[PDB]
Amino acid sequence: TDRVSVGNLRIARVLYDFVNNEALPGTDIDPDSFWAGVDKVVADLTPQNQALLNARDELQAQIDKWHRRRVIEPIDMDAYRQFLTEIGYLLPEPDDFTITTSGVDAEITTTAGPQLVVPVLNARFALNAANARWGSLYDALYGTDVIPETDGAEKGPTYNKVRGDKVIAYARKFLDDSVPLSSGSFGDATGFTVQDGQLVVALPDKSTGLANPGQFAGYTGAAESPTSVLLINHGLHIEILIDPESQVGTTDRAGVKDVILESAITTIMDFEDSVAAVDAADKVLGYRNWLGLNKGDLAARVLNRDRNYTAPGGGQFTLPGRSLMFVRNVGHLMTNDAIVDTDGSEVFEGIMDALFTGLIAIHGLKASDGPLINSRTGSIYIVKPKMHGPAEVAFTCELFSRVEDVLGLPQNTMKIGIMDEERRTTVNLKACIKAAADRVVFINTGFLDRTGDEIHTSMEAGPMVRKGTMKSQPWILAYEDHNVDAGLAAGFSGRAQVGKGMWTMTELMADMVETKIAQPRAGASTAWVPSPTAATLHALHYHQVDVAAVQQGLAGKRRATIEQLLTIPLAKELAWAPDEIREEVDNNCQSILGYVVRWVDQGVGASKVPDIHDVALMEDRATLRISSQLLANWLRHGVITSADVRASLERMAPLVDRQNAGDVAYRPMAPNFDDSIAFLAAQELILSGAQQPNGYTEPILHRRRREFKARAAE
């Protein structure tokens, strides 16, 4: 064996060496003490971790039985709610309280804006996300369908001036809307100067200042001929770049070259659903990128420095050039063979992530190679996914407390971003926030996982509505409102983020700009975006909507009831025709196959995957949880047959093969289906779906990826 013995633990050498040689030096933590800490923490907390997982199983069994002994279906909410209380699923709600989390950075407590999520295993994307704090509005407008590609305004091999003019006009309107002039429009501006600390905008017939001069934050270059002008609106910066000697500046009435927006204020570096990591080698690749990010020296090419400005009165200041980083650890379920015990049993991966990502995060609290890169207030920001109820939140907090001791960190250094993405957390949300009242820095509606959990929890109740129908069901609308209500009641305004979910259609940016505005209008101080380009565009929404004002107006409102949260998305009688059934089956089988083939064969856990209609979607593993559970549910209830499923997987497999003329590493699934580990994975996810704990896909996916890896070696 190649493993290292530390107490009852047998640690993969690749991980032992990474930690000793790369993660530990510079933290002043004694290596022998760290490893003894790992052994003791794993030993002490493993049984409670296991008890919590068994408790999930016991509750689900009781709910399964409840539905199976019933035959009514007008569905008595009073009985159901009573039952959930008796069995300890629905817990009493505690008295009102206010969170006490402290030492949190301004980006989280105060600033409303986009939050970018990226797979930590991809160094290039991680670097780009960290750098996405600032982004070009002209690039985002020109490069996407926000400016329609109508006749004459199409993207070509080279710069189309007509399209560029539309870009310019769009951005001028944004300026008028966000940082209005006392009179006239930015559209007619002819120059910018700074006089007596005041911004002066030259118009054809006169000059003018800002309607609100306080929105003038600074500038670069000579006041009398500035190279840029910095503005602020709703706590977010906007920079007008001035350069008549540029290809766009040359044609512009004021010589404006670009408008840069502060965009991805924060970024979540993901170890969970957007990555595929099934062994020590995979975890180390992730840990090493997270290490490079925190040390400031990740190069795939490099991290940006801070931005220098001149203040209005003429003094100097700087603004952060980087997105403030969270890390999303995995949740309570999975083990990983990066460490096993003397019996060969794998160690819980969530416990390992807290220890290792926490250790590594110490570097981001110290000086780089310049200033320290991450939290100036001294916090480590960890997103904890897939928790079920307040005992699991408490357990996470206790894990973090124990890790802080191993690491020599002050108590409550390790903050928690709570995913509200499981039903038992949803209906006990206030108690969940309370369990973490001194650690919580966000709540976020992870709606894809939540949908997966909704289907599995009520699997035995009856057939569910179609996948596309789910986003508009009463349960989910109530879930979204309830989340906001609970956060604001716990005093999140000015203290912690209230967050909403991901826009998955990466190429549909016009649609994004039209519709995602709903989230800040609902009082969310942040929401997830798939890319730096999407961060720049979503930033527009925060300039249009005053989230702080919206949150204050929502104060003390209760807009969702428990009954509404508990409304199971059962399909009504005779809901669909035979063609519509096949359309839905095909939809889900294509979604599963498209995602699974990249996961199992190439270890990619997130990417732009074309759907059955060739719309490009970037989703994490939770989309697979939904599709596999929905098909399992339809099979469970006789909506479809096992031949229907087989036929659909067969029909969709070559279409996915074709869609993956994307290139070099792709192996087709058809026609040798039973020779494709990825094809068999997809089939197994559906046919064993009903029996997976809470519908989780990881046990099957991890097994199949490891199988693939093992074959690729021999």
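Residues carry their position along the shown sequence, with the first being 1.
Modelled in this chain, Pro671 is likewise resolved in all the other entries of the protein that span it on both sides, not missing from even a third of them. Compared with other entries of the same protein, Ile75 falls in the group left without coordinates by at least a third of them, where both flanks are modelled. In the deposited sequence, the stretch from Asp369 to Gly370 hides 1 to 3 residues that have no coordinates. The entry models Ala300 and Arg301 with a gap of 10 or more deposited residues left without coordinates. In this entry, the higher average B-factor at the C-alpha atoms falls on 217-225, of the pair 217-225 and 638-646.
The PDB entry records a higher mean C-alpha B factor for 208-216 than for its counterpart among 208-216 and 432-440. When the C-alpha B-factors of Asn294, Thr250, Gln629, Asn329 are read from the PDB record, the largest value belongs to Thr250.
Note on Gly135, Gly452, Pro244, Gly389: the highest value goes to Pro244, judged by CA B factor as recorded. Compared with the other modelled residues of the chain, the Cα B-factor recorded for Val38 ranks in the middle third. The deposited CA B-factor of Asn308 belongs to the highest third of values across its chain. The PDB entry assigns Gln497 a C-alpha temperature factor belonging to the lowest third of its chain's modelled residues. Per the PDB record, residue ranking by Cα B-factor puts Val6 in the middle third of the chain. Compared with the other modelled residues of the chain, the Cα B-factor recorded for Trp528 ranks in the lowest third.
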